[PDB]
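# Examination of the molecular architecture
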Amino acid sequence: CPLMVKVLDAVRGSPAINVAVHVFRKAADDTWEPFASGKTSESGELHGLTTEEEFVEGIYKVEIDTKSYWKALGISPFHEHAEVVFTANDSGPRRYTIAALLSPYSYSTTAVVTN
Amino acid sequence: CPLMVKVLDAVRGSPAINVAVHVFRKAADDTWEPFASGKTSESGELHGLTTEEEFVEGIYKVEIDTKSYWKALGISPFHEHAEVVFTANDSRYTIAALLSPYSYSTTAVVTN
Amino acid sequence: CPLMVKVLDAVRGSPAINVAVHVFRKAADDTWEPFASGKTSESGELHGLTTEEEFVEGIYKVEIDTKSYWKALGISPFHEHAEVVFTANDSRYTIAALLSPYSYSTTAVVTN
Amino acid sequence: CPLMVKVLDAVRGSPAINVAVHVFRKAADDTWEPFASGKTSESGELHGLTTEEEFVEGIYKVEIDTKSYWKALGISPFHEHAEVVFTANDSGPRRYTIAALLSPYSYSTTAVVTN
Ligand SMILES: Oc1c(Cl)cc(-c2cc(Cl)c(O)c(Cl)c2)cc1Cl
Ligand SMILES: Oc1c(Cl)cc(-c2cc(Cl)c(O)c(Cl)c2)cc1Cl
């Protein structure tokens with residue numbers, strides 16, 4: 001599991017369940033190609049997006065579909081989605097945890113990078 | 001005015017208005033003595049808490065009554081209040097707080 | 001000026017100065033077209049990006065070049081940049097970003 | 001484990017290891033009495049502070065000793081510590097995760113409350 005996403009809801013003090021996450025990788029022609037996608041579990045975690053073999057060096061974008069999440073709760077939020085863009089594995093394989101904390105008008109994101 | 005407080009609401013995307021703020025300074029006996037207080041304005045700001053003369057080096061606590069704020073909006077919050085504790089050293093302090101029911105963040109902007 | 005950007009540095013407790021910001025609007029073909037840009041001032045602020053006439057309803061992206069900022073301070077950052085994507089609907093927008101090497105937070109303050 | 005603390009470092013993108021945490025409970029005479037204390041592990045987590053039996057209703061304060069953490073890294077930080085104060089178990093036992101994300105001039109805290 002070299003790439004894991006964890007999403008929390010700051011309004012309810014709970015994991016953010018069933019949030020859609022789409023991951024893209026920047027291709028040789030500077031286009032974002034689809035890489036992986038999934039939905040957060042009841043623990044607000046998304047595991048198994050990729051493998052070490054497939055997760056090569058590159059620029060990745062993790063798009064978290066926050067708008068759909070808040071709308072399904074009857075809240076009209078500010079952002080369309082939360083986007084996290086980073087270079088990965090540029091000095092060898094690392095494990096990446098991307099965490100996001102969500103509110104209707106704000107969000108925070110962090111990365112925990114281990115090896 | 002060397003100390004300013006700004007409070008924002010992350011749920012509504014607005015200044016947090018009418019939020020009570022109490023400032024304390026740590027006394028000789030390790031007690032917190034009341035120092036300054038007020039309620040944030042329409043812009044979520046609290047200006048004029050103190051003066052350069054009075055704002056001597058020391059340890060200060062800024063207590064933001066976040067519970068009352070959320071209760072007024074009909075939302076059940078987690079925290080009793082938010083506290084920011086820091087040392088003022090000489091060499092302007094903006095204490096900002098961003099509020100959600102189960103989370104808050106605070107940052108200090110120290111300028112000049 | 002219906003759109004303002006403010007950027008703060010959580011490592012140094014200061015405005016984030018000289019940070020390039022690019023604003024894009026989503027075009028008819030789902031493309032991002034350049035809309036406005038600038039560099040934050042000494043107060044970490046970027047004013048005068050647009051006018052009420054030009055700032056029509058639509059989807060906008062604000063891209064903050066956080067990587068260059070951290071590189072200038074000799075700190076290796078995680079993110080390529082920070083992006084804030086939102087719909088402007090009619091019924092002033094302050095987009096604030098708080099920057100650390102491996103983390104950032106952004107909040108919108110929508111007033112009037 | 002009804003009370004867990006997790007602390008992350010936003011400067012290094014790593015868990016915050018060896019951070020001291022002191023927990024207090026408000027006593028009948030409105031004094032803060034010591035309740036539990038510990039240090040975060042290599043994963044930035046602190047488990048085993050208390051038991052369900054001991055963790056009764058009350059107002060608790062979780063003090064995270066952030067100043068010592070940053071000083072040991074050669075950074076002179078703004079805050080003396082981060083404090084999280086909350087009523088616990090007021091409608092029955094809950095499990096509380098207190099998370100903090102740390103930077104020298106800022107911090108964020110969240111609670112995940114489950115049952
Ligand atoms: O003027 C300000 C505006 Cl607009 C926002 C913040 C601010 C404060 C905190 Cl804590 C945040 O997490 C974010 Cl994202 C912005 C601070 C100042 Cl000083
Ligand atoms: O397990 C975790 C828990 Cl509980 C909380 C956060 C987490 C994530 C964000 Cl964005 C935060 O601002 C804070 Cl304070 C904690 C991260 C992980 Cl990985």
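Everything in this summary refers to the structure shown in the same document. (Residues numbered from 1 in each chain as written, not as in the entry; some residues may be left out. Chains lettered and ligands numbered in written order. Heavy atoms only, no water. Residues with missing side-chain atoms left out of burial classes, pairs and counts.)

All names here are of chain A. If you check the backbone angles, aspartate 30 has positive phi at about 60 degrees while not being a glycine. Considering the arrangement of structural elements, one finds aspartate 30 in the loop between β3 (20–26) and β4 (32–39). Of note in this structure, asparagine 89 is not a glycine but carries a positive phi near 60 degrees. By secondary structure assignment, the location of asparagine 89 is in the loop between β7 (79–88) and β8 (95–103). Exposure remark for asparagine 89: the relative accessible area of 7% places this residue in the buried category. (Helix = DSSP H or I, 4+ residues; strand = E, 2+ residues; numbered from the N terminus. Buried < 20%, exposed > 50% of the residue type's maximum accessible area, 1.4 Å probe, protein only.)

Turning our eyes to something else, we now look at the interface of chain B and chain A. Opposite the 9 residues of chain B that make contact, chain A presents 9 residues. Roughly 660 Å² is buried in total at the junction of chain B and chain A, and carbon and sulfur atoms are behind 63% of that figure. Considering only the side of chain B, the residues that lose the most area to chain A are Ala10, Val11 and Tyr102 of chain B, jointly responsible for 52% of the buried surface there. There are 0 salt bridges connecting chain B and chain A. Linking chain B to chain A there are 3 residue pairs in polar contact. For the side of chain B that touches chain A, the per-class residue count stands at 5 nonpolar, 3 polar and 1 charged. (Contact = heavy atoms within 4.5 Å. Buried area = accessible area lost by both parts, 1.4 Å probe. Salt bridge = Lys/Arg side-chain N within 4 Å of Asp/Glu carboxyl O. Polar contact = N/O pair within 3.5 Å; in protein donor to acceptor, adjacent residues only side chain to side chain. Nonpolar A, V, L, I, M, F, W, Y, C, P; charged D, E, K, R; others polar.)

Turning to the site of ligand 2, a few remarks are in order. The local shell around ligand 2 consists of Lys6, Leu8, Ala99, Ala100, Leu101 and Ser108 of chain A together with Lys6, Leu8, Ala99, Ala100, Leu101 and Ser108 of chain D. Around ligand 2, the neighbouring residues derive from chains A and D rather than from a single chain. Between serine 108 of chain A and ligand 2, the recorded distance is 3.3 Å, taken from a side-chain N or O atom to an oxygen atom. Compared with its free state, where it exposes 450 Å², ligand 2 has 92% of that area covered by protein. Within the residue set of the shell around ligand 2, elements represented by two or more residues are β1 (3–9) and β8 of chain A together with β1 (3–9) and β8 (95–103) of chain D. (Near = heavy atom within 4 Å. Areas by Shrake-Rupley, 256 points an atom, 1.4 Å probe, with all protein chains shown as cover.)

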